[PDB]
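A.B. asks: To kick things off, part of the complex as it is:
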Amino acid sequence: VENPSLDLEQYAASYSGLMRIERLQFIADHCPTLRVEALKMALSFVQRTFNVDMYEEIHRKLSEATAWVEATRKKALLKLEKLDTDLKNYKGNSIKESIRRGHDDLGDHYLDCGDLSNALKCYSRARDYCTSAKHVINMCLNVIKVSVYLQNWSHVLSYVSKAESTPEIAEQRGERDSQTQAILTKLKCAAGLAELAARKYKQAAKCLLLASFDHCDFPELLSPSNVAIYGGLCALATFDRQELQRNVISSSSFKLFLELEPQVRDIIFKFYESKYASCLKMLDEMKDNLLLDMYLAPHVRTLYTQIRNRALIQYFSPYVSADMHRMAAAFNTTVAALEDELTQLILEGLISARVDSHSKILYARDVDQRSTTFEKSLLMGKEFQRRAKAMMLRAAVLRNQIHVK
Amino acid sequence: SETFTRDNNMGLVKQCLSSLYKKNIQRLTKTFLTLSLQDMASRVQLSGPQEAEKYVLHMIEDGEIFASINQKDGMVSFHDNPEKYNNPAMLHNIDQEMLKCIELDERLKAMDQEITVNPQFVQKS
């Protein structure tokens, strides 16, 4: 599936830093005619990211499917021993301050080379050596950032709730609105990523809309370009009309995010304005691009289904009888195909209507409260009488001591 | 087939096959006001509008469904209007069920009065 509509000028400016190389793992499978160009930039890229055991992975993957180079890998391995020398000095001093200060700066470094297992174990044992309120604040950012890389959330969720409640709700006033690095914006983005991966789109949107663009420019946790995409897709699928208007359209904080991507902004506005033919068309074009997003690929199919289902319910809400020819056109589908979609919606109970497949008109169904109440009350009486007469026979077999040996 | 015939309940299983068609047709009433005989036969797998017409007609005769057949357009219309619970016959039905509950209550009260007068009882209470 070739997608030549992708504007490389905009995409190259959307990601910055380490996220560029990670995307190419899946993209390079079906995007030829750039291997020679990639080698040109590879002269200044082989030394970058301190790759040691990633180099063997890339070349073996395509070779198994369908020595100047090997010299670089062998030479770079010697640098692994040099970094171990700095660790010895801190232990010899036997000073708590010296170890604590250098630990935080050294902690970020093991992440780059690839010692994920070693770096994580340090924070677990260092918790008992931290007693000050400040030391509590710093470790929260570190453990969440590392755990995101290895894709776990059971530990993250446990510490997220405790940190916000145990110290008297973030020390009441918040310790002069935190330090220079505002952590309040960072946990909101982290919570959205954690809840989105937990198949909880409603909570992910809520934790993503409460973010300020002025303090949301960290190219380490999540790109700001797709923050609007995540916060818009999740809110569109889960939030109702009251929640969408109050939390998205009228939200001044989220308006700045929408300026980054005009496509997602127009999709949400068209959905609000009951313009479904145009809104769904833009979603179809964007669907292929979202499939390449690492945090959004598995949720694309379910989010699109929820958005379309919400559109179908909202379309028929102001109608007591709707033409199926106009309804099908508004959803870019045929009358016969739309009839199958409405059959599942009515059976599930999301739409209270019936389909007249002679003139192709969807008639809203108005239930009768009096008739419904009478029939369910008589059914309850019939079931109760059967149950009572069955147990009054059971009292006979229990009294008479009847059983099978 | 061997298991069901060995247990001698052959025919009860065949009634399950026929009741599945009725169950599928009854589900059409929860979604449609008017369905073509051909279209209905494709959803319930009856393989023919003539077969669907006979299946629907039998259900109306037995009272399992509330529908009518229109041969002018080849359509089946579902009339979901069982009862308005206003006729005096509904009052008669209510008092028939009420009398059953009253008689049930009389037996329940009488049998616990046998427990109270039991010499074995009240000795352990």
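C.D. replies: Done, it's in. Numbering: from 1, shown residues only, chains lettered A, B, ... in the order given.

A.B. asks: Tell me the spacing between residue A:313 and chain B.
C.D. replies: Residue A:313 is 16 Å from chain B, where distance means CB to the nearest CB, to the nearest Å. All C-beta spots, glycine's among them, are computed from the backbone N, C-alpha and C.

A.B. asks: Can you name the residues of chain B that neighbour chain A?
C.D. replies: B:27, B:30-36, B:39, B:73, B:75, B:82-85, B:90, B:93-94, B:97, B:100-101, B:104, B:107-108, B:111 (CB under 8 Å from any CB of the partner chain).

A.B. asks: Which among these count as buried?
C.D. replies: By neighbour count, with 16 or more other CB atoms under 10 Å in any protein chain shown, the residues of chain B next to chain A hold B:31-36, B:39, B:75, B:85 as buried.

A.B. asks: What about these, which are in strands?
C.D. replies: B:32-36, B:75 (DSSP state E).

A.B. asks: And those residues, which two are furthest apart?
C.D. replies: B:33 and B:36 (12.2 Å; CB to CB).

A.B. asks: burial measure for residue A:356, as a count.
C.D. replies: Residues lying near residue A:356 (other CB atoms under 10 Å in any protein chain shown) number 19.

A.B. asks: Once you drop chain neighbours, what's closest to it?
C.D. replies: Once flanking residues are discounted, residue A:356 sits nearest to residue B:33: 4.4 Å by CB to CB, 6 or more residues apart in numbering or on different chains.

A.B. asks: Go ahead and confirm that neighbour touches residue A:359.
C.D. replies: No. Residue B:33 lies out of contact with residue A:359 (CB atoms under 8 Å); the separation is 9.9 Å.

A.B. asks: Now look at stretch A:366-373 and say if it contacts chain B.
C.D. replies: Yes. Residues of stretch A:366-373 are located near chain B by CB under 8 Å from any CB, namely A:370-371.

A.B. asks: re the thing from before, spit out the contact partners of the residue nearest to residue A:356.
C.D. replies: Residue B:33 makes contacts with A:354-356, A:363, B:77-78, as judged by CB atoms under 8 Å, 6 or more residues apart in numbering or on different chains.

A.B. asks: want to throw those residues into CSV with distance to residue A:393 and secondary structure?
C.D. replies: Listed next are the contacts of residue B:33 as CSV, based on distance: CB to CB, whole Å; DSSP: H, G, I helix; E, B strand; the rest coil:
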residue, distance to residue A:393, secondary structure
A:354, 43, strand
A:355, 47, strand
A:356, 49, strand
A:363, 48, strand
B:77, 45, strand
B:78, 40, strand
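
A.B. asks: add chain C to the structure above, sequence below:
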Amino acid sequence: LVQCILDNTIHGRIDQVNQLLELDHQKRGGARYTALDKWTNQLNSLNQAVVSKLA
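C.D. replies: Putting chain C together with the chains above:
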């Protein structure tokens, strides 16, 4: 009309096939049947509890 109905500022529905707007001058005090529904639901669970008290 669709925007007003979705915003709950107009209480009515649109009959598209007839180009009509039927308002909602209905829905009187039928809360008696709603109360009877709760009475029936509570009774439905009450029979099961009494019959299945201990064994």
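
A.B. asks: again for the neighbour count of residue A:356, since chain C is there now?
C.D. replies: 20.

A.B. asks: how near is it to residue A:229?
C.D. replies: Residue A:356 sits 40 Å away from residue A:229, going by CB to CB, to the nearest Å.

A.B. asks: Now do the SS call for residue A:53.
C.D. replies: Classification of residue A:53 using DSSP: H, G, I helix; E, B strand; the rest coil returns coil.

A.B. asks: can you pull the contacts of the closest residue to it other than its chain neighbours?
C.D. replies: Distances taken as CB to CB, 6+ apart place residue A:114 nearest to residue A:53, at 6.7 Å, with adjacent residues excluded. Counting by CB under 8 Å, 6+ apart, residue A:114 makes contact with A:50, A:52-54.

A.B. asks: where's residue A:114 relative to residue C:18, distance?
C.D. replies: From residue A:114 over to residue C:18 (counting by CB to CB), the distance is 70 Å.

A.B. asks: Helix or strand: which one has residue B:83?
C.D. replies: Element membership of residue B:83, judged by DSSP states H and E, is empty: it is in no helix or strand.

A.B. asks: Was I right to think it contacts residue A:372?
C.D. replies: No. Residue B:83 is beyond contact range of residue A:372, at 11.7 Å (criterion: CB under 8 Å).

A.B. asks: what separates the residue nearest the centre of chain C from residue A:370, distance-wise?
C.D. replies: Nearest to the mean C-alpha position of chain C, by CA atoms, centre = their mean, lies residue C:34 at 7.8 Å. In this view, residue C:34 and residue A:370 are 11 Å apart by CB to CB.

A.B. asks: ditto for residue A:194
C.D. replies: For residue A:194 relative to residue A:370 (CB to CB), the value is 49 Å.

A.B. asks: Ok, residue A:379 next?
C.D. replies: 15 Å.

A.B. asks: Check residue C:4 too.
C.D. replies: 30 Å.

A.B. asks: now swap in residue A:156 and tell me
C.D. replies: In terms of CB to CB, residue A:156 sits 53 Å off from residue A:370.

A.B. asks: Looking at those two, which is more packed in?
C.D. replies: residue A:156 (17 against 14).

A.B. asks: Let's verify the more buried one: helix, strand, or coil?
C.D. replies: Applying three-state DSSP: residue A:156 is helix.

A.B. asks: what's the longest helix belonging to chain C packed up against?
C.D. replies: In chain C, with assignment by DSSP state H, the single longest helix is helix C:31-51. Counting contacts by 3 or more CB pairs under 8 Å, 6 or more residues apart in numbering or on different chains; DSSP states H and E, helix C:31-51 packs against helix A:369-399.
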